[PDB]
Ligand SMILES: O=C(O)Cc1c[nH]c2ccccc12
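One chain comes next, on its own, written as structure tokens: the form solved without the named molecule.
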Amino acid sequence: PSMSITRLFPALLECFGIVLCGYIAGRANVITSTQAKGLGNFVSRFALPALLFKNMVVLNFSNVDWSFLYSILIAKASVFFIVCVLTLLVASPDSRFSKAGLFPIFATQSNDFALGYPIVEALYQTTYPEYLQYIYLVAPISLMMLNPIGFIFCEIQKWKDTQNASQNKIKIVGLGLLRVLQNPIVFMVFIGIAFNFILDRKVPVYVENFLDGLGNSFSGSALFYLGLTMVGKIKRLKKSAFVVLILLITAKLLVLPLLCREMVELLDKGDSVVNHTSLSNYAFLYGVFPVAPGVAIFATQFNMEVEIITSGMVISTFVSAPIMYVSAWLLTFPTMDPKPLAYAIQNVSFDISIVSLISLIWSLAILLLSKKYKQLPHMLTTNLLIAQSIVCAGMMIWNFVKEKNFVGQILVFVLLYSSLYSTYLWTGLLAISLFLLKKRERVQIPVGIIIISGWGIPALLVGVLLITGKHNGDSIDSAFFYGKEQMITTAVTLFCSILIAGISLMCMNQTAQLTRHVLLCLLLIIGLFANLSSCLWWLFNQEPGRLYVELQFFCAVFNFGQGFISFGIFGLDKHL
């Protein structure tokens, strides 16, 4: 298989549950900012050097495939190079140097030791154990060979601020180099490299247990400190700052991994195909890691665009968790055997539905306890989140009732597709209600009649698909329970909702609470747009290709992880 992809989701659950625990402790009032500063002082001055010293003392230089290492470093250097060049061209002259010195560090440095190491440990203990050392090999060399260029740029900008006009470029570039060398990772890696040759690859027995005890405490405490640093750093941004954060985070999380994969297939001349494919998949997985908090530390000590870099980190850190999941499950998809892709789709939808259901339970509890349900339009939003909770509960039933009885399977399918179709048309009803409220017309909206329609029409569609459709016993996936009749019924329900939302969207342009309501209608249309395309692909192409598999996987993710997006938009808000 060359990838133990079943046990990736527990690693992302650990790595983001400890981050969530740190965030909860930060926002509550359990640990204030100063005490989180003390925990970070402990982590950054004791835990990371012991971990690095142990993993470089035990590091084996005989089995290291250097080709992957300098291919990944060439990729990171290329990403840094393009981002610095366009940062010099497109930024304003008054602050081109500050952006050119801090943005490529943000878009080139990864959170390897805190987040990357447990995930790679979960994915690469069982079959390919030699890939664990590449984190500790690549991250400090990348730091040492790419960070000084950024600190050089930030120090020219600091020279700009001093406006001395005396040159002596040595005084500045050596200042940047010594600021780089004061990082604990670089000189601690130097000490570990020296002691690897001094001790002859063997940790002393008197110090081994002490270093293991101090190093094993880095992961959880580091994720907890990341969660404690992350309270309240997002704030409200300004025009064009949204676009430059999108461009930087797309660069870091998208074009660096593709460059890593392309340079790995370009620079590796190995004679083994399975080793080459696993190296390419690991190269894709390495670049999707989020930005380390060291960039925000550097901007804080510099007092230099601290808000932009911190906002960039909290968005890339939140955003990479599904990007990691989707990318790794897309990478493990090809070859295999035709039949276990259905089990893979069911397992991925189950792991997504767990997190969406938990976040949806939290957001529903917040919306109910805040007593904001009585005012329009948030009542229909509460109904929508309730319907998505029934979809997720339908997956909880469907994972365990796949092969029990035909009658129970039919009832579970009817309930699950009723909830799915109700969510589908509730998006259109919310959009129509938003369009009616945007008109500022004194029209009494029949919310009770709308709820009766929304609870009856999907049930009628499920009953019609049961009565007229033919059940397919050889289909283990939920999408082919009734065959082509069910997909035709899902297309008609989705097309009517898209037409209703399309009329409301066209009314919004002519007419131009409501600040967020529109985007939840907007973001669902992209979800409904991806559902339509996989149904259109099946009639015109008789042969199910790999693109059909990729489109069905994205249909599953954008259909059943919508509660996560809804929680991210509404639930993480103050006052309520």
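For the two forms, the rigid core is made up of the largest set of C-alpha atoms that agree within 1.5 Å on superposition. Start at 1 with the first residue shown and count on from there.
In every other compared PDB entry of this protein that covers both flanking sides, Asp94 is modelled, so it falls short of the one-third threshold for missing coordinates.
When the other compared entries with both flanking residues are checked, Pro544 is unmodelled in at least a third. According to the record, 10 or more deposited residues between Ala512 and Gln513 are left without atomic coordinates.
FYI, the form solved in complex with the named molecule isn't displayed, but the following is about it.
When you look in the deposited bound form, the only residue of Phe97, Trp398, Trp159, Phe218 with a non-hydrogen atom within 4.5 Å of the named molecule is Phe218. This chain appears without its partner; in the deposited bound form, the one residue of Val264, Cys392, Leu123, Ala114 with a heavy atom within 4.5 Å of the named molecule is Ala114.
This chain is displayed without the named molecule, yet in the deposited bound form the stretch 105 to 113 from 166 to 174, 145 to 153, 105 to 113, 68 to 76 comes within 4.5 Å of it by heavy atoms. The named molecule is not drawn, but in the deposited bound form it has no heavy atom within 4.5 Å of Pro140. Not displayed here, the named molecule is kept clear of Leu59 by more than 4.5 Å at the level of heavy atoms in the deposited bound form.
When contacts are judged by a 4.5 Å heavy atom cut-off, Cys260 does not count as touching the named molecule in the deposited bound form. The named molecule in the deposited bound form comes within 4.5 Å of no heavy atom belonging to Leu376. Contact check at 4.5 Å (heavy atoms) against the named molecule in the deposited bound form: all three of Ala222, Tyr225 and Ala292 pass.
Contacts of stretch 170 to 193 with the named molecule in the deposited bound form, defined by any heavy atom lying within 4.5 Å, are made by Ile185 alone. Just one residue from the list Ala77, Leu416, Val138, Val120 crosses the 2 Å line for C-alpha shift between the shown form and the other one on a rigid core fit, and it is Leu416.
Core-superposed comparison between the shown form and the other one: CA of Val518 displaced by 2 Å or more. Core-superposed comparison between the shown form and the other one: the CA of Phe333 stays below a 2 Å shift.
Comparing the forms between the shown form and the other one on their rigid core, the Cα displacement of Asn164 reaches 2 Å or more.
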